[PDB]
Each structure stands twice: as C-alpha cells, then as structure tokens.
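> Kindly return the folded structure for what I paste below:
(3 chains)
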Amino acid sequence: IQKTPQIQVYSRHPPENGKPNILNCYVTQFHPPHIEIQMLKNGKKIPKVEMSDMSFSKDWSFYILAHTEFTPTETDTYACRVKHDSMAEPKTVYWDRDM
Amino acid sequence: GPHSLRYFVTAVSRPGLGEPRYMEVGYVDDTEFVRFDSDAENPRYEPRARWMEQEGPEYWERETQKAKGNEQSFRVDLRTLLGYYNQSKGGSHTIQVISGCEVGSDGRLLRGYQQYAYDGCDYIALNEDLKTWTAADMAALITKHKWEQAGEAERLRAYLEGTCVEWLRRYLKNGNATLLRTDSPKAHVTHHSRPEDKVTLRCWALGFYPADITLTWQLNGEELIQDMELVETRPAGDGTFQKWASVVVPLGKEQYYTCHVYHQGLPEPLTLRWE
Amino acid sequence: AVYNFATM
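Numbering: from 1, shown residues only, chains lettered A, B, ... in the order given. See the structure here:
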C-alpha cells in the first residue's frame, strides 16, 4: 500500500516581474505519510516556508501544501524538491511560469 | 447552501525514534481553522484562521486537553493493532480518522461521519443510521465488538447530532465574513505547441472560494471527453483555490474550442477562447 | 470541537 506523490508548482496570481505573489507546492496522493518537502530558489533552500492544507482523499492518500511569498524576476528559478519512500531518487518539479 | 465541520486525524509510529507523531487538522467547509501537532515546539491547539482568535482561553485549553488525550488513545491503538494483525514492533504504521458533520442551509444535520483507516485501508466506519458499524476485516470486528459493549455508537451519535452541529453553527457565526463569502474565478487560456501539427490549449481558473468548481471544454456546443487533462482543485496559499483543464486540438483550429467555467460566485458561467 | 476518541 504505497503511493507516489504528485507534485504541482504554481503561483497564486499570474506571474508579473516586480509584483508580490505566492508560490505554492502542492504534494498529493501519497502514502505512507512521512515526507520531506523543500522549496528552492536558484537551487538554494527557501527559509520560512509555510505548511498548510493537510487532508486525505476518499482512498486515504495524503495531501499537503507548502507555500511562500515571493516577487518574481526574469532570471530567478523556482522549484520544489520532495523525498518520499516510494521514490528511489528525490524528485524536483520546476515552476513553469508559461504553463 | 450546506456546510461542514471536518477533522482529519493522523497517528504515525516511528520505532526507535520516540513516540508516534500525532496531528489533528480541522476545517469548516474548505477553510483550515484549527491544528494540533505533537512535534510542534509547544504542542497545543492553535488557530489557523483569524476569526478563531476571538475564542477565549477556555476554548483553547479544553481543545488542547482533548488533543493530548486523543494522542494517548491513538498511541495505545497503534500498539493494539500490531497485536490484532500479528505485526512486528519494528515497522511504521498509520491510523487515519475523518470525523465530523454536515448541516443543510436550515442549520439541521444532513449527515455525520466517523471513518477509520489503518495503513491506508478501510478499517471501521459508523453507518448512516448513526447506530451500527461496518467493519472491513476480522481485526476491525474486535473493535466493533468492543464498541458495542461500551455503547460507543450512542456516545458518538450524541456528538454528531449535538456538539458537532452546535459548534459548526458557532464557527459559521464567528467567521461568517470569511466562511460565507464567495470569491469569483478569474479565467484565462494558454497555448502550447506539440509535435505533428497539434497544440495544447489549457484553461485556468484563479482566485475562487469555495473550492467547488467545474471547468469544461466545448467544440460545437459539445463537451469534450477525449484528450482532456486536468488537475484536482488546489489551494493557492491565501484561502482561495485554483484549477486547470486542457485539451489537445489541431493546429489552426483553436478558435472553434471554448472553455466553460461554472462557480457558485458567478452570476452567469464564463465562456472563453484562446487569444 | 473535536471528538474524544475511543481506544480500538
């Protein structure tokens, strides 16, 4: 009974350079519940990340949100790195502002 | 419309690394409002919405004590279940509970629930009658028997019909400006090239509350099913939600396809095309 | 307000 996390990275508002926003990493459909979730800016850990919105779906899989305040620029790269027992390697999903 | 009070409860063993981690997270509708976490620096119930800051110290003390009591009960449960399933003392295991009640727009109970899982599978649940249990396996039958001899269903029923409803009403009252609000979706469509003269059109809905939303793609008044991708509706970090739905269409025929967005906060549904 | 849960 092991399920691999689905990792989604997105901003609250459409990204505009210079304009304050919120970056989200929603990690979903996983089991067991032990998990590490790190948000990255230019390959470096973002401090003071908030964890919220923990729940489970009808099949009992875990859901949880990591989020942080940010102001985008053209050159800054953002990502979310997740470690979970279901994955041989740590998995990184990158923010795609054109998505 | 109708409204819900839900608690998500999790206890997770960690042999060799101290006591289990124990967490309770509470929601009114789609809004996180309270939380208890045993690994916090000073484990106590805490508000997760500004409207809960109005509740006085007696609320917080009473909930915190209930939570420390629950932590100890689930700690015992984890041990008990190793015995029921003949499991080793060296593995990690998880108990989950969803517990709460839904009232209709008239303030009366629509339904109450108490569902348990062990290691991610149905274990035991209270039936819709609020009187009898349904047990998923032979281990849960022991719990069922214990709970019938103890009159557990009657105690749980009293909570679901009385306490749960009454506190839901209070919470809706105290946080009505936040909880009874309606935030309308804002929509846009993005375009992405693919191999072989195909393109992805992705329809975005942003900034909405409550979470319940429906997005559909049309072609000629016809809701598409094939080549559709979507994500589960997801929180955006400020108490609002977002969602997207995409369709793969042939290059040059983008103008035929329309995205339709349906939400409680819209006076009329939104229709939009690639631009 | 959360329920006071029973042992299993």
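> could you list every residue that touches residue 36?
With no chain named, the answer covers chain A. Applying C-beta atoms under 8 Å, 6 or more residues apart in numbering or on different chains to residue A:36 gives the contacts A:82, A:83, A:84. C-beta coordinates here come from the backbone N, C-alpha and C atoms, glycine included.
> please go with chain B instead
B:22, B:23, B:24, B:43, B:44, B:45, B:46, B:63, B:64, B:67.
> Give me the sheet partners of the helix or strand where it lies and which way each runs.
Following DSSP states H and E, one finds residue B:36 within strand B:31-37. Partners of strand B:31-37 in the sheet, by DSSP bridges, are strand B:21-28 (antiparallel), strand B:46-47 (antiparallel).
> Secondary structure element holding residue A:37?
Going by DSSP H and E, residue A:37 is part of strand A:36-41.
> if I look at the spatially most central residue of chain A, how far off is residue B:205?
The centroid of chain A falls nearest to residue A:25 when counting by C-alpha atoms, centre = their mean (2.1 Å). The spacing between residue A:25 and residue B:205, counted by C-beta to C-beta, to the nearest Å, is 19 Å.
> Ok, residue A:5 next?
Residue A:5 is 24 Å from residue B:205, by C-beta to C-beta.
> mind listing the helices in chain A by residue range?
Here chain A has no helices by DSSP state H.
> Nearest to chain B: which residue in it?
residue A:67 (3.6 Å; C-beta to the nearest C-beta).
> Just to check, that residue is in contact with residue A:27?
No - contact criterion C-beta atoms under 8 Å: residue A:67 and residue A:27 do not qualify, at 11.4 Å.
> who are the neighbours in contact with residue 8?
I'll assume chain A. The contact partners of residue A:8, by C-beta under 8 Å, 6+ apart, come to A:24, A:25, A:26, A:27, A:28, A:93, B:231, B:234.
> try again with chain C
B:77, B:80, B:81, B:95, B:116, B:124, B:143, B:146.
> any idea which of those is closest to residue B:6?
Taking C-beta to C-beta as the measure, residue B:116 is the one of the contacts of residue C:8 closest to residue B:6, at 14.4 Å.
> and chain B, which of its residues are near chain C?
B:7, B:9, B:24, B:26, B:62-63, B:66-67, B:69-70, B:73-74, B:76-77, B:80-81, B:95, B:97, B:99, B:114, B:116, B:124, B:143, B:146-147, B:150, B:152, B:155-156, B:159, B:163-164, B:167 (C-beta under 8 Å from any C-beta of the partner chain).
> Quick check on residue B:171: phi, psi?
phi -60, psi -50 (degrees, to the nearest 10).
> Give me the number of neighbouring residues for it.
Other residues near residue B:171 come to 24 when the count uses other C-beta atoms under 10 Å in any protein chain shown.
> Verify the contact between it and residue B:4 for me.
No - between residue B:171 and residue B:4 there is no contact under C-beta under 8 Å: 10.4 Å.
> Residue B:233 reaches residue B:213, doesn't it?
Yes - at 6.0 Å, residue B:233 and residue B:213 qualify as touching, with contact defined as C-beta under 8 Å.
> where do the contact lists of the two overlap?
Residues touching both residue B:233 and residue B:213 (C-beta under 8 Å, 6+ apart) are B:241, B:243.
> How much space separates residue B:51 from residue B:172?
Taken as C-beta to C-beta, the span from residue B:51 to residue B:172 is 10 Å.
> Can you check which residues contact both of these two?
Joint contacts of residue B:51 and residue B:172 (C-beta under 8 Å, 6+ apart) are residue B:179.
> the strands in chain A, which residues?
A:6-11, A:21-30, A:36-41, A:44-45, A:50-56, A:62-70, A:78-83, A:91-94 (DSSP state E).
> name the helices or strands packed onto the longest one?
Meaning strand A:21-30. Counting contacts by 3 or more C-beta pairs under 8 Å, 6 or more residues apart in numbering or on different chains; DSSP states H and E, strand A:21-30 packs against strand A:6-11, strand A:36-41, strand A:62-70, strand A:78-83, strand B:234-235.
> Pull up the pairing partners for it, direction included.
strand A:6-11 (antiparallel), strand A:62-70 (antiparallel).
> Which positions in stretch B:144-156 come out as buried?
By 16 or more other C-beta atoms under 10 Å in any protein chain shown, the buried positions in stretch B:144-156 come out as B:144, B:147, B:152, B:153, B:156.
> Dump it to PDB, restricted to CA.
Taking Å, rounded to 0.1, in the frame of the first residue of the first chain, the C-alpha atoms of stretch B:144-156 are listed here in PDB:
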ATOM      1  CA  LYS B 144     -16.800  -3.400  16.600                       C
ATOM      2  CA  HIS B 145     -17.500  -5.800  19.500                       C
ATOM      3  CA  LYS B 146     -15.600  -3.600  21.900                       C
ATOM      4  CA  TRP B 147     -17.500  -0.500  20.800                       C
ATOM      5  CA  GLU B 148     -21.000  -2.200  21.000                       C
ATOM      6  CA  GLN B 149     -20.300  -3.400  24.600                       C
ATOM      7  CA  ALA B 150     -19.200   0.100  25.500                       C
ATOM      8  CA  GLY B 151     -22.200   1.900  23.900                       C
ATOM      9  CA  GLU B 152     -19.700   3.900  21.700                       C
ATOM     10  CA  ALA B 153     -22.200   4.400  18.900                       C
ATOM     11  CA  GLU B 154     -24.600   6.200  21.300                       C
ATOM     12  CA  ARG B 155     -21.800   8.500  22.600                       C
ATOM     13  CA  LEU B 156     -20.600   9.200  19.000                       C
END
